[PDB]
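Have a look at the structure that comes next, please.
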Amino acid sequence: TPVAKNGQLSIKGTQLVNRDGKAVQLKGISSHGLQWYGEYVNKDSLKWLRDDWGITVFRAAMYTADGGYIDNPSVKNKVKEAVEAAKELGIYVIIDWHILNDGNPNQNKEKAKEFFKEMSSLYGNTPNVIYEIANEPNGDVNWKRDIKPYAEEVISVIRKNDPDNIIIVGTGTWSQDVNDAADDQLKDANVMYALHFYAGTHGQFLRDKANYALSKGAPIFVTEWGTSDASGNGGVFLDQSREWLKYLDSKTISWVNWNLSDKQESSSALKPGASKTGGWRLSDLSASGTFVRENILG
């Protein structure tokens, strides 16, 4: 199992590497918002994904807004649950401070810093953990004015308890505007920038900004991508999805598919009715779910 095999991750240039300094490409899946679908996120289902799908990373998508942590912080217990499972299973785990309607990460910066102080404190001696501090900036929200200053403060409070675990920072326009990041990069040695795409929506233009970012030295991590369109629908777009994953392989970019749930949308891995604890029949999986599993089992 990884972490037992790769240990603690760091960044060599653009390439995510293991403790040996080997190139590593994590592949996995994200929960839906933990406030609605945390029932699917537990040591059993995570175990099933590890054992049946070969996932090497699980993302715990803790919405801040929309009935999430700001209004009900007890959801932090689901993050802690998933993390303990990940440590116990030898897989990596992303703690995703999942902004969306609160499109400016500054809106909730005080609560975000307090949240990350506790997590880095609890888990910062843990090689499993990756922090994702701001899922998707959007609106009149840009790198230089809004996202960078936030990242320095939040980063500064994480590094106190955890100096070396990977931190992934979202970018503008729903974690598309990596080029703006790529120009005015942070100094932290273990920071990556998030790139999100949907196969039914995003095409070559988004890949080019990504190419531009790498060429300027900014590492990229796909903390969220879907085989559906950006709404999370439109059916399951196999040509573009195949085309995207081909591109990501070519640069050894780690990725996390959206999403593990039985929600009634195209992006869901599961068909309605699917067990919360795994042990899923091949039929229980959606058209999306099947494709994603096939692309992790190599």
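Read the figures in this text as sums done on the coordinates, not as results from a lab. Because the Cβ atoms are built from the backbone with ideal geometry, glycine has one as well, and the counts that use them run over all protein chains shown.
Checking the conditions here, which among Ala85, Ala65, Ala112 is surrounded by fewer than 22 Cβ atoms within 10 Å (Cβ to Cβ) and under 18 Å from the mean Cα position of the chain (by Cα)? If you could, list the steps in order and put the result at the bottom.
Details: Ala85 fails: surrounded by fewer than 22 Cβ atoms within 10 Å (Cβ to Cβ); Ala112 fails: surrounded by fewer than 22 Cβ atoms within 10 Å (Cβ to Cβ).
Sole residue among the options that is surrounded by fewer than 22 Cβ atoms within 10 Å (Cβ to Cβ) and under 18 Å from the mean Cα position of the chain (by Cα): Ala65.
State yes or no: is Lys246 of a type in the set (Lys, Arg) and part of a helix (DSSP H, G or I)? Before you say what the answer is, go through the steps one by one.
Details: of a type in the set (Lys, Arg): yes; part of a helix (DSSP H, G or I): yes.
Yes, satisfied.
How many of the residues in the stretch 115-129 are touching an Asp or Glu at 6+ places or on another chain (Cβ under 9 Å) and surrounded by 20 or more Cβ atoms within 10 Å (Cβ to Cβ)?
Quick first cut of the stretch 115-129, residues touching an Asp or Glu at 6+ places or on another chain (Cβ under 9 Å) only: 119-121, 123-126, 129.
Now restrict to residues that are surrounded by 20 or more Cβ atoms within 10 Å (Cβ to Cβ): 119-120, 123, 129.
Total meeting the criteria: 4.
Additional query: Residue by residue through the stretch 166-188, note down the ones that are part of a helix (DSSP H, G or I), β-branched (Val, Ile, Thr) and crowded, with 24+ Cβ neighbours inside 10 Å.
If we filter the stretch 166-188 for residues that are part of a helix (DSSP H, G or I), which is where we start, we get 172-175, 178-183.
Pick out the ones that are also β-branched (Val, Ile, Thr) and you get 173, 178.
Passing the criteria: only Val178.
For residues that are surrounded by fewer than 20 Cβ atoms within 10 Å (Cβ to Cβ) and not in a strand (DSSP E or B), tally how many sit in the stretch 3-23.
11
Looking only at the stretch 204-223, filter to residues that are outside any helix (DSSP H, G or I) and in contact with a helix residue (DSSP H, G or I) (Cβ under 7 Å, 6 or more places away or on another chain); which one of those is surrounded by the fewest Cβ atoms within 10 Å (Cβ to Cβ)? If you could, list the steps in order and put the result at the bottom.
Taking the stretch 204-223 first, the residues outside any helix (DSSP H, G or I) are 216-223.
Keeping just the survivors that are in contact with a helix residue (DSSP H, G or I) (Cβ under 7 Å, 6 or more places away or on another chain) gives 216, 218, 220, 222.
On the way: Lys216: 14, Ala218: 23, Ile220: 27, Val222: 23.
Restricting to residues being outside any helix (DSSP H, G or I) and in contact with a helix residue (DSSP H, G or I) (Cβ under 7 Å, 6 or more places away or on another chain), the top hit is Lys216.
Oh, and also: Out of (1) surrounded by fewer than 21 Cβ atoms within 10 Å (Cβ to Cβ); (2) under 20 Å from the mean Cα position of the chain (by Cα), the odd one out for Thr277 is which?
In the conditions (1) surrounded by fewer than 21 Cβ atoms within 10 Å (Cβ to Cβ); (2) under 20 Å from the mean Cα position of the chain (by Cα), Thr277 misses (2) alone.
Here's a follow-up. I'd like to check something: does the stretch 48-60 contain any residue that is among the hydrophobic types (A, V, I, L, M, F, W, C) and in contact with a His (Cβ under 8 Å, 6 or more places away or on another chain)? It would help to see each step written out before you state the result.
Of the residues in the stretch 48-60, the ones among the hydrophobic types (A, V, I, L, M, F, W, C) are 48-49, 53, 55, 57-58, 60.
Checking the rest, the ones that are also in contact with a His (Cβ under 8 Å, 6 or more places away or on another chain) come to none.
Scanning the stretch 48-60 turns up no residue that is among the hydrophobic types (A, V, I, L, M, F, W, C) and in contact with a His (Cβ under 8 Å, 6 or more places away or on another chain).
In the list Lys80, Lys76, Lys47, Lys5, which residue meets the criterion of being within 24 Å of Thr227 (Cα to Cα) and among the basic types (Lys, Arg)? It would help to see each step written out before you state the result.
Working: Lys80 fails: within 24 Å of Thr227 (Cα to Cα); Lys76 fails: within 24 Å of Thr227 (Cα to Cα); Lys5 fails: within 24 Å of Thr227 (Cα to Cα).
The match here is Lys47.
So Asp44 passes all but one of these: (1) in a strand (DSSP E or B); (2) of a type in the set (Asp, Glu); (3) farther than 29 Å from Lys12 by Cα. Which condition number does it fail?
If we test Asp44 against (1) in a strand (DSSP E or B); (2) of a type in the set (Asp, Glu); (3) farther than 29 Å from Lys12 by Cα, just (1) comes out false.
Let me ask you something else. May I ask you to list pairs of residues, at least six apart or on different chains, whose Cβ atoms are under 7 Å apart, with the first in the stretch 180-193 being farther than 18 Å from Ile130 by Cα and the second being part of a loop (DSSP other than H, G, I, E, B) and of a type outside the set (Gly, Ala, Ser)?
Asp180/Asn142; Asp180/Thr171; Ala181/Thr171; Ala182/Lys216; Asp183/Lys216
Pairs, please: C-beta under 6 Å, at least 6 apart or cross-chain, first residue of a type in the set (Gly, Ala, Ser) and in the stretch 151-165, second buried (at least 22 other Cβ atoms within 10 Å of the Cβ)?
If the second residue must be buried (at least 22 other Cβ atoms within 10 Å of the Cβ), the pairs left are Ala151/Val169.
Going by the conditions given, is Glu88 out of contact with any strand residue (DSSP E or B) (no Cβ under 9 Å at 6 or more places or on another chain) and over 29 Å from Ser288 (Cα atoms)? Talk me through it step by step, then tell me what you get.
On the way: out of contact with any strand residue (DSSP E or B) (no Cβ under 9 Å at 6 or more places or on another chain): yes; over 29 Å from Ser288 (Cα atoms): no.
No.
Six or more apart or on different chains, Cβ atoms under 9 Å: show the pairs whose first residue is in the stretch 240-255 and without any contact (Cβ under 8 Å) to a residue 12 or more places away in the chain and whose second is crowded, with 17+ Cβ neighbours inside 10 Å and not in a helix (DSSP H, G or I).
Once the first residue is without any contact (Cβ under 8 Å) to a residue 12 or more places away in the chain and sits in the stretch 240-255, its partners that are crowded, with 17+ Cβ neighbours inside 10 Å and not in a helix (DSSP H, G or I) give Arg242/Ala199; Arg242/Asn295.
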